[PDB]
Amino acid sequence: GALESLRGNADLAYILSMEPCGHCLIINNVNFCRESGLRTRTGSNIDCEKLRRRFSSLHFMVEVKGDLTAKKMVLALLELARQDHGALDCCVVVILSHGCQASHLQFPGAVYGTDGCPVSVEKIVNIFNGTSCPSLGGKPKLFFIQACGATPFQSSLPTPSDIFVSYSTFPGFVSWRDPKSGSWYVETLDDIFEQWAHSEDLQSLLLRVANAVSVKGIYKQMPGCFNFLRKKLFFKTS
């Protein structure tokens, strides 16, 4: 049908046929040094488990690395970028931590390591470039960040490319009074995936999320995705 020829169209959708689909790194920062003044992110462990289960079922080799300092987050990301993604179709990075603003014309935002040291989303994203990781060239590089708070030139060529960043600073909990209940944004994302990943691409999934975030409040509604994918992304469902 109309949805079947779009999912297969190698010109319109990324081909996600390999098994496993790719790596999925989840940085889960829960405990921060007393000195930073950042509160323990209780409920993050359940957010992590939800996403870990989500991407596993989407065929990604999920690795959870918890409580990373800024430097170790970078190392862990350089490590992931340094691997051979030759037999994989996609890469996923999930960061759960406290965050802060960091201006940037394409990938604004930053996240803190357990040390309260910032790591900008730009640095995180550029770790996976076509020079340090040609292995992921032309393949979707997804970034899901929960950080609780014409053509360009110079040389004409579309860049960033095949990069998708969903950056959320929505602090709400599934149970608005219980900080241990889990992140509202994570739950909403998981929920939407469970019901629509099988038939809808990433853009549509996040549009549904944005739609939800919208009737929940909105001043934040900053999952402000930075979509630089060149094709539609349909996950490989169970």
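Just count from 1 along the sequence shown to find any residue number.
Gap between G149 and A150: 10 or more deposited residues without coordinates. Counting the deposited residues that fall between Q154 and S155 and carry no coordinates gives a value of 10 or more. A summary of the deposited B-factors shows that, of 112-120 and 127-135, the stretch with the larger mean C-alpha value is 127-135. If you average the C-alpha B-factors over 14-22 and over 214-222, the higher value belongs to 214-222. Highest C-alpha temperature factor among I27, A70, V62, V174, as the PDB entry reports it: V174.
In the PDB entry, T159 places in the highest third of its chain by CA B-factor. Per the deposited record, the Cα B-factor of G43 falls in the highest third when ranked against the other modelled residues of its chain. In the PDB entry, a CA B factor belonging to the middle third of its chain's modelled residues is recorded for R54. Placement of the Cα temperature factor of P179 within the chain: highest third of the modelled residues, per the deposited record.
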